[PDB]
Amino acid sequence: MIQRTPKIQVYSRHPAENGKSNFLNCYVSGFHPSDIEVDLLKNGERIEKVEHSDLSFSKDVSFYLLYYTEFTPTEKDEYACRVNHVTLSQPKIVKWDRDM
(Lines of atoms letter the chains of each structure in order from A and count residues from 1; the text may use other names and numbers.)
(Lines give C-alpha, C1' and ligand atoms only; values in the text may rest on other atoms or scores of the structure.)
Protein backbone atom coordinates (compact mmCIF):
# COMPACT_ATOMS: atom_id res chain seq x y z
CA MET A 1 0.00 0.00 0.00
CA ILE A 2 0.95 3.60 -0.59
CA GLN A 3 -0.58 6.84 0.56
CA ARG A 4 0.29 10.29 -0.54
CA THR A 5 -1.27 13.45 0.64
CA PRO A 6 -2.49 15.82 -2.05
CA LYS A 7 -0.89 19.14 -2.97
CA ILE A 8 -3.51 21.87 -3.21
CA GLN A 9 -3.27 25.07 -5.28
CA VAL A 10 -6.05 27.70 -5.46
CA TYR A 11 -6.00 30.29 -8.24
CA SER A 12 -8.12 32.21 -10.75
CA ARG A 13 -8.04 32.18 -14.57
CA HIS A 14 -9.86 33.78 -17.51
CA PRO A 15 -10.14 31.60 -20.62
CA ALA A 16 -8.37 33.43 -23.46
CA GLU A 17 -11.48 32.99 -25.63
CA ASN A 18 -13.61 34.84 -23.13
CA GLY A 19 -11.78 37.45 -21.10
CA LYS A 20 -15.10 38.41 -19.51
CA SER A 21 -15.45 35.11 -17.65
CA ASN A 22 -13.32 34.54 -14.48
CA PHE A 23 -12.88 31.05 -13.00
CA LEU A 24 -11.97 29.83 -9.54
CA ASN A 25 -9.80 26.75 -9.56
CA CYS A 26 -8.51 24.14 -7.18
CA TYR A 27 -5.81 21.78 -8.48
CA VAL A 28 -5.50 18.87 -6.13
CA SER A 29 -2.54 16.83 -7.20
CA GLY A 30 -0.40 13.76 -6.56
CA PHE A 31 -2.77 11.92 -4.21
CA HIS A 32 -3.18 8.25 -3.40
CA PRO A 33 -5.53 6.55 -2.76
CA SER A 34 -8.10 8.19 -5.03
CA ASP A 35 -10.96 8.54 -2.46
CA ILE A 36 -11.25 12.25 -1.74
CA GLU A 37 -13.63 15.08 -0.95
CA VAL A 38 -13.02 18.53 -2.48
CA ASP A 39 -15.17 21.64 -2.11
CA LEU A 40 -14.98 25.26 -3.11
CA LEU A 41 -16.04 27.63 -0.28
CA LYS A 42 -17.48 31.11 -0.44
CA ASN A 43 -17.34 32.81 2.96
CA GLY A 44 -16.89 29.37 4.51
CA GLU A 45 -19.92 27.80 2.92
CA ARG A 46 -19.72 25.03 0.33
CA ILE A 47 -20.37 26.03 -3.29
CA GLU A 48 -22.91 23.64 -4.80
CA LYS A 49 -22.49 24.56 -8.43
CA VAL A 50 -19.00 23.64 -9.65
CA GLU A 51 -19.19 23.19 -13.40
CA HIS A 52 -15.97 21.30 -13.88
CA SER A 53 -14.33 18.39 -12.09
CA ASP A 54 -11.62 16.74 -14.11
CA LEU A 55 -9.84 13.61 -12.81
CA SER A 56 -6.82 11.80 -14.16
CA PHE A 57 -4.06 9.53 -13.08
CA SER A 58 -0.37 9.10 -13.80
CA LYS A 59 1.76 6.08 -14.44
CA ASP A 60 2.79 5.86 -10.82
CA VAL A 61 -0.92 5.82 -9.96
CA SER A 62 -1.14 9.31 -8.50
CA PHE A 63 -4.41 11.14 -9.02
CA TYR A 64 -4.98 14.68 -10.22
CA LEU A 65 -8.17 16.73 -9.94
CA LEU A 66 -8.98 20.08 -11.41
CA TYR A 67 -12.06 21.49 -9.81
CA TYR A 68 -13.26 24.82 -11.15
CA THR A 69 -16.15 27.06 -11.83
CA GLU A 70 -17.16 30.51 -13.00
CA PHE A 71 -17.16 33.21 -10.34
CA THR A 72 -17.37 36.94 -9.87
CA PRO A 73 -15.30 37.94 -6.90
CA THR A 74 -15.66 41.11 -4.89
CA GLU A 75 -13.34 42.49 -2.19
CA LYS A 76 -15.73 41.48 0.59
CA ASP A 77 -16.00 37.83 -0.37
CA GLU A 78 -13.57 35.18 0.74
CA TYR A 79 -12.96 31.96 -1.17
CA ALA A 80 -11.22 28.70 -0.24
CA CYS A 81 -10.72 25.08 -1.17
CA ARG A 82 -11.52 22.40 1.43
CA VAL A 83 -10.04 18.95 1.04
CA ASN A 84 -10.53 15.71 2.98
CA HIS A 85 -8.38 12.62 2.35
CA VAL A 86 -7.25 9.63 4.37
CA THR A 87 -3.83 11.28 4.86
CA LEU A 88 -5.39 14.30 6.55
CA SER A 89 -6.60 14.05 10.16
CA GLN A 90 -8.68 17.22 9.63
CA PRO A 91 -10.11 18.83 6.46
CA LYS A 92 -7.42 21.02 4.88
CA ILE A 93 -8.53 24.52 3.93
CA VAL A 94 -6.47 26.60 1.50
CA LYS A 95 -7.49 30.21 1.02
CA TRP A 96 -7.61 31.90 -2.32
CA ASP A 97 -5.16 34.79 -2.61
CA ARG A 98 -7.21 37.33 -4.52
CA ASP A 99 -4.17 38.42 -6.49
CA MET A 100 -3.72 34.91 -7.82
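Throughout, we count residues from 1 along the sequence that is shown.
Annotation for 9 to 17 versus 73 to 81: the higher mean temperature factor (C-alpha) is found in 73 to 81. Stretches 43 to 51 and 58 to 66 differ in mean CA B factor, with 43 to 51 having the higher one. Ranked within its chain, residue 4 lands in the lowest third, by CA B factor from the PDB record.
Residue 89: CA B factor in the middle third of modelled residues in this chain (values from the PDB entry).
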